[PDB]
There are 2 protein chains.
Amino acid sequence: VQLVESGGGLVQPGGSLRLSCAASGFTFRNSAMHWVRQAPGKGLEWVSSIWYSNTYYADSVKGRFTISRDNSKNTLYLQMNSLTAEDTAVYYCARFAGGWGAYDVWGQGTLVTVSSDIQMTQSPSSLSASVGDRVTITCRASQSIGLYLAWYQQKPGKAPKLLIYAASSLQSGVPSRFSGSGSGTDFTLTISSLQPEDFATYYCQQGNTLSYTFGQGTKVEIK
Amino acid sequence: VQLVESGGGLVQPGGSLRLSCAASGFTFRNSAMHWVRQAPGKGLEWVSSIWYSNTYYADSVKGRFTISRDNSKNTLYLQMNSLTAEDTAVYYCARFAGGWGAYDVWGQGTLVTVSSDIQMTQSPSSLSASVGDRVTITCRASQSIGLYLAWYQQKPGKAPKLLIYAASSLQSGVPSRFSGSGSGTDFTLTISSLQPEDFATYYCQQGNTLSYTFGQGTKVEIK
């Protein structure tokens, strides 16, 4: 009882790809077949279902992907169109045992990478502080970005606001308790004495490279 | 100096939507304009840019979205096609100061929700244990799934393997040190005495509802 997948590969965003899942060792025609995917380092996510015929799709792929089957070849297909980087994942086909509500046979998986630079690692992800505390947030770049590192403040329900650019230059009107430092790959934002209005999420952003990338944010929360 | 967005709303997967960003208080024709988006509860992500004419797109939207501008109306547009749930986000337009490498004017944001649903909360996300330890993993459903809860084991580079279905039934061949319990909304997987082959990631999955959602996984790691 086996499911053998094929068709994965590297594809440009906006492009198309068709996955195949060849079954053997069981009566393919009788069985409900699903696709489930797993982004790199992430969890399992249901994608699509087909049975003997009402087919179903998750909102992640509905309207772009088509599931189908050729019972004479004991094969399941996933036609993937208008691909995005967010579709990058290992795609598994699986047999669904509808009496159990569970998948009892899995393919080996096939990797689909949707791709045509600099990673920004912000730390900590969150911190709790009190009014009056000194706070320092760090942002590391995987490659030198020179001085082109900016810091933004974002309050709940509001747009980001530029505070610091070129690593250490303050935007007009930004209070002097904010300062920035660093060059190349290591950068710091410091708040000298936290005020109530400063509890917010802070983001760094590199502006040296054509695909501008943001740090993941630091939530400055109240003790 | 303002950016006023419009166009967001609720759209079906696979559908289209056009966002607008009306500029005032500054000379629009000279300025590089970008779109940056933020999924609910997540960080900022660059989407697309346009200047006076070479336009750029992130791999998340390249080949599906089109950025454009009408200088006579001082307006920036984002044409969104072939939409996915992963496009759900607040979309910001922003003026890019190319000398600073930073965004110095931001719109107020407009929300795009791409949608046509049990939530499974697994805990803990990870745990360290030693050979011989008793381990319990819990899975909670946002509403009753009855008994239709399954548990899978996944080792690095391998496909998931069914261990338990219908909350407490073991798949054939699964060792007796694995057991499951629970009904309705609270479920538990227990390993009575951990063996080296049991260090793996474990996933729960509800099979009561047509969306078949997975828990986020529990990584059982070695002390």
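Residues numbered from 1 in each chain as written, not as in the entry; some residues may be left out. Chains lettered and ligands numbered in written order. Heavy atoms only, no water.

Judging from the entry metadata, X-ray crystallography is the method by which this structure was determined, and 1.698 Å is the reported resolution.

Participant: Would you explain the sheet that holds strand β12 (residues 120-123) of chain B in this entry?
Facilitator: Backbone-to-backbone hydrogen bonds join strands into a sheet, with any given pair of strands oriented parallel or antiparallel. Residues and elements named next belong to chain B. Taken together, the four strands give an open sheet; going across it, the order is β12-β14-β19-β18, and neighbouring strands pair in antiparallel fashion. What marks the edges here is a single partner per strand, and that holds for β12 and β18 (178-183). The mean angle between the axes of side-by-side strands here comes to 15°, regardless of whether they run parallel or antiparallel. Looking at chain direction, strand β14 (residues 135-141) and strand β19 (residues 186-191) are connected through six bridges and run antiparallel. Of the residues in β19, the one forming a bridge with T138 is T188. (Pairing = 2+ DSSP bridges. Helix = DSSP H or I, 4+ residues; strand = E, 2+ residues; numbered from the N terminus. Axes fitted to C-alpha atoms, helices over the stretch in contact; angles between N-to-C directions.)

Participant: Which parts of the structure should I look at to understand the relation of the copies chain A and chain B?
Facilitator: The two chain copies are related to each other by a rotation about an axis together with a translation along it. Of the transformation superimposing chain A on chain B, the axial component is 0.0 Å and the angular component is 180°, with the fit at an RMSD of 0.1 Å. With respect to symmetry, the two chain copies, as superposed, fit the operation of a two-fold axis. Counting the interface residues of chain A, we find that 100% of their copies in chain B are interface residues as well, pointing to one common contact surface. (Least-squares fit on C-alpha atoms. Contact = heavy atoms within 4.5 Å.)

Participant: Help me understand the state of the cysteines, please; the structure alone is not making it clear to me.
Facilitator: Two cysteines form a disulfide when their sulfur atoms are joined by a covalent bond. Residues and elements named next belong to chain A. Evaluated as defined, the whole model comprises four disulfides over all chains. Between the sulfur atoms of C21 and its disulfide partner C93 the distance amounts to 2.1 Å. Taking the sign of the S-S torsion, 70° for the link of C21 and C93, the bridge is right-handed. We classify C21 as buried; its relative accessible area is 0%. Residue classification places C93 among the buried residues on the basis of a relative accessible area of 0%. Should the bonded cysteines of chain A be numbered as they appear in the sequence, the pairing reads 1-2, 3-4. (Disulfide = S-S within 2.5 Å. Buried < 20%, exposed > 50% of the residue type's maximum accessible area, 1.4 Å probe, protein only.)

Participant: I would appreciate a short explanation of the interface of chain A and chain B in the present structure.
Facilitator: The parts lose accessible area when they come together, and the size of an interface is often stated as this lost area. Counting from both sides, the interface comprises 52 residues of chain A and, opposite them, 52 residues of chain B. Carbon and sulfur atoms supply 61% of the area buried between chain A and chain B, which totals about 4400 Å² over both sides. At the junction of chain A with chain B, the criterion picks out two salt bridges. One salt bridge connects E86 of chain A with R37 of chain B, and the closest N-O pair in it is separated by 3.2 Å. Elements with a minimum of two residues in the side of chain A that touches chain B: β4 (32-38), β5 (44-50), β9 (89-97), β10 (102-106), β15 (149-154), β16 (161-165) and β20 (201-206) of chain A. Residues that form the side of chain A that touches chain B fall into these classes: 25 nonpolar, 18 polar and nine charged. (Buried area = accessible area lost by both parts, 1.4 Å probe. Salt bridge = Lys/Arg side-chain N within 4 Å of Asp/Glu carboxyl O. Nonpolar A, V, L, I, M, F, W, Y, C, P; charged D, E, K, R; others polar.)

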